[PDB]
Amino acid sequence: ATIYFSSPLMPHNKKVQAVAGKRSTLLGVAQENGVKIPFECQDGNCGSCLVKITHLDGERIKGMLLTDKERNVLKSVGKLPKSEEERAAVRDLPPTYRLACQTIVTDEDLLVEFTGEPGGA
């Protein structure tokens, strides 16, 4: 899996090769590659690792894979996904807000944006 990390704090985006499976978190891949996604609880509660994920390959409108902890945090910040109908109707490729500590690294390519501030602030 190829992951491109991007942040206002990084003058260059960082391309990372990540081996799929392993139950590796997206935050774990970032931490292993020195990409400073903010984090605290590492457990889907504090919301620090909020990232904006664009799926580069695979389905244009992917089925939603958020954990229940994600859904509570994302609701609290207004970053819950729109439905597949709304997402399919837009002209721009819809990103998905996720918590990086809750996102499992699979065999797909991602662009992962984060502001560098805790909570995606």
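Throughout, we count residues from 1 along the sequence that is shown.
Per the entry, higher mean C-alpha B factor between 69-77 and 92-100: Averaging CA B-factors over each stretch, the winner is 69-77.
Stretch exceeding the other in mean C-alpha B-factor - 18-26, 109-117: Per the PDB entry, the higher value belongs to 18-26.
Candidate residues 46, 35, 61, 51, the one whose C-alpha B factor the record puts highest: By C-alpha B-factor in the record, 46 ranks first.
B-factor third for the C-alpha atom of residue 85 within its chain: Within its chain, residue 85 is a highest-third residue by C-alpha B-factor, going by the deposited values.
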